[PDB]
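Two separate entries follow, structure 1 and structure 2, each one form of the same protein chain as structure tokens.
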Structure 1
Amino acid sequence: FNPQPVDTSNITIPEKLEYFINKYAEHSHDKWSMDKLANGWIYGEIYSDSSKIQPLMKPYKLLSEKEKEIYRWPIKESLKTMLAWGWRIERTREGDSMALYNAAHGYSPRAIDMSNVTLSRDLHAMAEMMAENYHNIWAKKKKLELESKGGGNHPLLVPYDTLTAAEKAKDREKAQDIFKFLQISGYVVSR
């Protein structure tokens, strides 16, 4: 097993994707904030572990560039892989289905039920390729970690296509999420 992730070191993201990166990063932050809230954290001015106060629980537009980058970075990494593969990416006029969807800083993040969104057979297949690439990224890093600890093995150091569903899940869910968000935000990806 020699995992080689798609090399995206020289990929430039075209301007047409900036809207998406900003919107999906905002969504990712809203998800993070809602998860924090469910775990007993609230917004406040000064961070505290003991009081469970998280100054990051505010609107995405109010975050610093470094704070936004936490969310933008992996999204950009995912998009660069699509771009490296030459996948066609187009904004559409009528495809932004999320538009129709029915506290400090007035912040009220809402969940999106992604299980309401369906991917075509071809898009599911493209998501599987993305998932496999996420696995290869992890696997290459793990293979290097082990080699540098003197050796050893790992049950997940096999090709993605030989993993079971439970083992595929983390990477599959990440891949399906970006494709679903592309769809509902008005982008059409094809090959």
Structure 2
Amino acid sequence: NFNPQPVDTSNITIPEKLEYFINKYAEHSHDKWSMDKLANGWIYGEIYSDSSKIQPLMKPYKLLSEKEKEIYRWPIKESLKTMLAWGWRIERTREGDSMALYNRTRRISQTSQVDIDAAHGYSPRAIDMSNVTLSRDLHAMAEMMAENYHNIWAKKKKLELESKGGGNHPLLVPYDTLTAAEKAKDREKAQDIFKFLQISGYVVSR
């Protein structure tokens, strides 16, 4: 009976004003990717080789091609299209939370050439949104997005198996029957975009 039907976004147009957010979140996501590659012992390298862990995409976002940017941009746009297809409103309320996060402590005239030199290279440090809290309503909305990511995966998987006449996946079940550990990936993706919208000055409402 399990019949996942994620909302059709095929005819949604993202307003041009959200381009600012899509670019900012895509760059954050790329920097987070690079940090994780540095932490697993990968390093930049002009020419790609899986041997010795060299990754030529471990460079600033602005240098990436359209194609390489799309790895981040495509899912972000898909996420926004779902919200818009549900009739949710996405409004930029303020700027990127400048004051609240600014350290207002008295500043000493201390500088290091070591930091200065490091700033010439690619030195990714994506914001840690671990401190960032969602309202009760925004948590429920994030859970609905998480569920919809599962349903997108599930419908695609089901059509694949139906097309072949074979295959079986144990996670082809209703989202809520999943364990926390099984939900965690869709939960973290949903929560990530809601948290990044928030720190970027956006309010999602329904």
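Here, residue number means position along structure 1's sequence, counting from 1. Rigid core (definition): largest C-alpha set, two forms, superposition within 1.5 Å.
With the core superposed, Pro74 shows a C-alpha displacement below 2 Å between the two structures. After superposition on the rigid core, the Cα atom of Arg93 is displaced by 2 Å or more between the two structures. For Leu163, a C-alpha deviation of 2 angstroms or more is recorded between the two structures after rigid-core alignment.
Comparing between the two structures on a rigid core frame, one finds that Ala111 has its C-alpha moved by 3.4 Å.
Superposing the two forms on their core, we find that the Cα atom of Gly44 is displaced by 1.6 Å between the two structures.
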